[PDB]
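Written out below as structure tokens is the structure these notes cover.
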Amino acid sequence: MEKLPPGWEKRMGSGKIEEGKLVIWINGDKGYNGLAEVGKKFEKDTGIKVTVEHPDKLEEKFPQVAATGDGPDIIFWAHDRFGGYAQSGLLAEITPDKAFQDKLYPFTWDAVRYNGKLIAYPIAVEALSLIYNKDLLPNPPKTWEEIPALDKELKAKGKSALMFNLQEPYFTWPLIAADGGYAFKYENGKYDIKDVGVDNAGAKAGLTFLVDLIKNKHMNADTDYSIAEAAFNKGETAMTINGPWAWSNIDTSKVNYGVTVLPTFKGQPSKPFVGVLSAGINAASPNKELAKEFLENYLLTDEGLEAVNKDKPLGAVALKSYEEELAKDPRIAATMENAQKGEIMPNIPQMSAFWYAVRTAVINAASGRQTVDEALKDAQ
Ligand SMILES: OC[C@H]1O[C@H](O[C@H]2[C@H](O)[C@@H](O)[C@@H](O)O[C@@H]2CO)[C@H](O)[C@@H](O)[C@@H]1O
């Protein structure tokens, strides 16, 4: 027998993030190449190489991988996941000086506050819009209710009315919330985790309309991000539902498209969840100063955001100076019109489970594995 030797816990350990460089995680639907260009700028000014990666399921991996040799110095995701990360102590506190704070809309900072700390930098405000083919559909529908009839008409030309991703609850949430579905009730400065609205009559009606759309063969339960994107970008479906990031690929397809208000349901506006794309610094990073310099002086500038935006559009950006130029874009006006009708996502730790529950519920209802009532009861 011997005592455990020095550094044993490091031999049995998961490693350490490398000092002297920057590793960034951002989702694969975002402008990671443009972000790498920013990285390149940072490198030639500082010598510090910036590596940008878009792993799959990064928002799920981060809490297991954060404090390991594979953890990134900087993580990008919509602000909803960050409260969970903060509670898990995964996030370094963010300390921008006053002059820097003033450069971003104050309400974007609020989106990245958890328990009276700033736990990330806000980048851009995101929301879904109805994206339509102006040649197939010069006047897109104002109501969800008229979509089945519109589909039948388009099927006579070997076309369809609507395809969008049915594997992520994010995309059908605007329908679910329209007549009163909600995640967590907000009452007096606080989210009440005991008051969940995925099971009420608004949610049910919304999800039922989706299920009927599928049953009546206006939509297919198996449609995902890729299938719906190809279909719209090839001119096979008249409308899709997506965010600003999706606009680059449509530009390339030379489909003649518009971005407009989502259709109403039961006379009520569709209420898409609003996400603020945010950048957090890893608590286990030994490069926190570099990360701060990168985010504040390279990314969050007119030149930095543009580089990313040109790769894949960001939405309404948190940086005032550059947003004034993006605000003129009709697609951004539409984006903001849809966001305004919806609601910002909660950032509470319970979001992650909420999302998984709602994801499961939609997939099961659409597949017929469960009725709407059974699925949403399970979720609640
Ligand atoms: O579907 C659940 C999912 O919704 C949101 O994810 C969005 C994200 O906000 C967008 O930036 C874009 O990448 O599409 C995603 C949906 O596929 C939540 O932010 C995410 O936490 C949640 O799991």
> By what distance, in whole Å, do the Cα atoms of the stretch 320-374 stretch along each of the three principal axes, largest value first?
Replying inline: 48, 26, 15
> Mind checking the alpha-carbon convex hull of the chain and giving the volume per residue in Å³?
Replying inline: 164 Å³
> How big, in percent, is the set of alpha carbon pairs in the stretch 9-129 lying more than 24 Å apart?
Replying inline: 34 percent
>> For the chain, what does the helix formula give at 222 nm: sum of -39500 (n - 2.57) over DSSP H segments with n ≥ 4, over the residue count, nearest 500 deg cm²/dmol?
In response: -11500 deg cm²/dmol
> Taking N as the number of residues in the stretch 154-294, what value does Rg over Cα atoms divided by 2.2 N^0.38 Å take?
Replying inline: 1.31
>> On a full-extension model of 0.36 nm per residue, what is the gain between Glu9 and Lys215, subtracting their alpha-carbon distance, rounded to one decimal in nm?
In response: 68.6 nm
> Remind me, what semi-axes does the stretch 89-146 give for its equivalent ellipsoid, largest first in whole Å, using sqrt of 5 times each Cα gyration tensor eigenvalue?
Replying inline: 40, 14, 10
> Given 5 Å bins starting at zero, what is the percent of C-alpha pairs of the stretch 170-211 in each, up to the one with the largest pair distance?
Replying inline: 6, 28, 27, 20, 13, 5, 1, 0
> trypsin sites (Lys or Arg not before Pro), restricted to the stretch 64-165: which are DSSP loop and have at most 11 other Cβ atoms within 10 Å?
Replying inline: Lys157
> What distance in nm separates the simple spin-label points at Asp56 and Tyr356, each placed 7 Å from Cα in the Cβ direction?
Replying inline: 1.8 nm
> If you bin every alpha carbon distance in the stretch 87-246 into 5 Å steps from zero, what whole percent lands in each bin?
Replying inline: 2, 8, 13, 15, 15, 12, 11, 10, 8, 5, 2, 0, 0
> What list of ³J(HN,Hα) values in whole Hz, one per residue of the stretch 83-91 in order, does the Karplus curve 6.51 cos²θ - 1.76 cosθ + 1.60 (θ = phi - 60°) give from phi, with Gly and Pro shown as x?
Replying inline: x, x, 4, 4, 4, 7, x, 8, 10
> Amide H to amide H under 5 Å from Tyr121: which residues, 5+ apart in sequence or cross-chain, H placed 1.01 Å off N in plane?
Replying inline: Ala279, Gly280
> Which whole-angstrom value gives the distance between the alpha carbon centres of the stretch 301-342 and the stretch 189-226?
Replying inline: 28 Å
> Roughly how large, in nm² to one decimal, is the mean projection of the convex hull of the alpha-carbon atoms in the stretch 156-227?
Replying inline: 6.1 nm²
> Taking H as built 1.01 Å from N, whose amide H comes closer than 5 Å to the amide H of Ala238, not counting residues under 5 places away?
Replying inline: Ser160, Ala161, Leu162
> Karplus couplings for the stretch 119-136 from phi (6.51 cos²θ - 1.76 cosθ + 1.60, θ = phi - 60°), rounded to Hz, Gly and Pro as x?
Replying inline: 10, 6, 9, x, 10, 7, 8, 10, 8, 6, 9, 7, 10, 10, 7, 5, 6, 6
> Please state the equivalent ellipsoid semi-axes for the stretch 249-339: what are the square roots of 5 times the Cα gyration tensor eigenvalues, largest first, in whole Å?
Replying inline: 31, 17, 12
> Sorted by average packing, counted as other Cβ atoms within 10 angstrom per residue and highest first, what order do 171-179, 1-9 take?
Replying inline: 171-179, 1-9
>> Using amide H atoms built in the peptide plane, which far-off residues or other-chain residues are under 5 Å from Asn220 H to H?
In response: none
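Don't worry about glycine lacking a Cβ; one is built from the backbone with ideal geometry, like all the others, and counts go over all protein chains shown. Values in this text are rule-based calculations from the coordinates and carry no lab data.
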